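Asker: Below is the structure I would like to discuss, written out as structure tokens.
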Amino acid sequence: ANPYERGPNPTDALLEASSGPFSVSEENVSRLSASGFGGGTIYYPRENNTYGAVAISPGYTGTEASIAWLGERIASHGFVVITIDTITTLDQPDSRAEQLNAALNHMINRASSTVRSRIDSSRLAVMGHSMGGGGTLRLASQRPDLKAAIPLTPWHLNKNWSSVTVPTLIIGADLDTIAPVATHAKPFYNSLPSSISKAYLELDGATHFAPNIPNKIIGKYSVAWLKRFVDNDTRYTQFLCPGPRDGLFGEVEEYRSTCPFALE
Ligand SMILES: [Cl-]
Ligand SMILES: [Cl-]
Ligand SMILES: [Cl-]
Ligand SMILES: [Mg+2]
Ligand SMILES: [Mg+2]
């Protein structure tokens, strides 16, 4: 059987709920102790086991407060998750890529033993909002050893991500006027290889700031993607293939994917 499975068999309601089946704890990461990023919060399951680990970045002028709900929710499904602050709130995407990587390595090596003992350091993922989503793409290109990448309403001036092989779910917002899907999220998705595991999910009725307030669709598909690719958990394939692929009014404007997904 797959040794990385955690939690009960999933349902729609379980994934749409405010929290998953794991109670969570928090560890503050001081700015002074945070090496190579601005600090942040680590959310982790109280139950002693090993889990995959995830770092999440905000965007320009943003703080961890704009992503905290999502890091806590993902951790409650069985992940160790750090929501970062950046060195300055104005850092550019390629700098945020570095900082996401530094945050992964902080969790693995420099957090409390309570946190470090809960991490499988071989199973890592990154996510981020807007310029933090651009940073997610850049880090994925640098680190094909990541198990998953989830850019949220991403922003980057580089439109060509044709080397990336990390399983990548891009979440766009139909009404985004700041990182429009026409010039950011869709070109990024279209440039990813056809031969990798990838998906594009466009939220319906959503602005650029949809990732900054609790969202049941972002939570559902972020957790299903992380389960499928960080944990190789094929109990979550059913949510992603074929996925919400004809739209779902007020939920999903469009969904594209390279289903079926190769299994590691
Ligand atoms: Cl941004
Ligand atoms: Cl917007
Ligand atoms: Cl399929
Ligand atoms: Mg702090
Ligand atoms: Mg729409």
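Residue positions begin at 1 at the first shown residue.
If you're wondering, the header gives X-ray crystallography, 1.5 Å.
Yeah, the Cβs are placed from backbone N, Cα and C, and that goes for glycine too.
So Swiss-Prot lists the following for this protein:
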- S130: active site, nucleophile (ACT_SITE)
- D176: active site, charge relay system (ACT_SITE)
- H208: active site, charge relay system (ACT_SITE)
- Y60, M131, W155: poly(ethylene terephthalate) binding site (BINDING)
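Relevant sequence annotations retrieved from the PDB entry are reproduced here:
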- 262-264: expression tag (SEQADV)
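Describe each of these features in terms of where it is and what it packs against.
Answerer: Within the same chain, the residues at least 6 positions away from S130 (active site, nucleophile) whose Cβ sits under 8 Å from its Cβ are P58, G59, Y60, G62, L152, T153, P154, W155, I178, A179, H208, listed in sequence order. Taken residue by residue with DSSP, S130 (active site, nucleophile) is part of neither helix nor strand, so it is coil.
Neighbours of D176 (active site, charge relay system), defined as other CB atoms within 10 A of its CB across all chains, total 24.
Neighbours of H208 (active site, charge relay system), defined as other CB atoms within 10 A of its CB across all chains, total 20.
In the three-state DSSP scheme, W155 (poly(ethylene terephthalate) binding site) is classed as coil.
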Asker: With an 8 Å cut-off on Cβ-Cβ distance and a minimum sequence separation of at least 6, pull the same-chain contacts of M131 (poly(ethylene terephthalate) binding site), or say none.
Answerer: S57, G59, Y60, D91, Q92, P93, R96, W155, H156
Asker: Drop a 10 Å sphere on every Cβ of the binding-site residues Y60, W155 and tell me which sphere holds the fewest other Cβ atoms.
Answerer: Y60
Asker: Quick one: largest C-alpha distance among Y60, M131, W155, binding poly(ethylene terephthalate) per the record, in angstrom?
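Answerer: That value is 10 Å for the farthest Cα pair.
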Asker: Would you mind sorting out which recorded positions among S130, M131, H208 put a C-beta under 6 angstroms from ligand 1?
Answerer: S130, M131
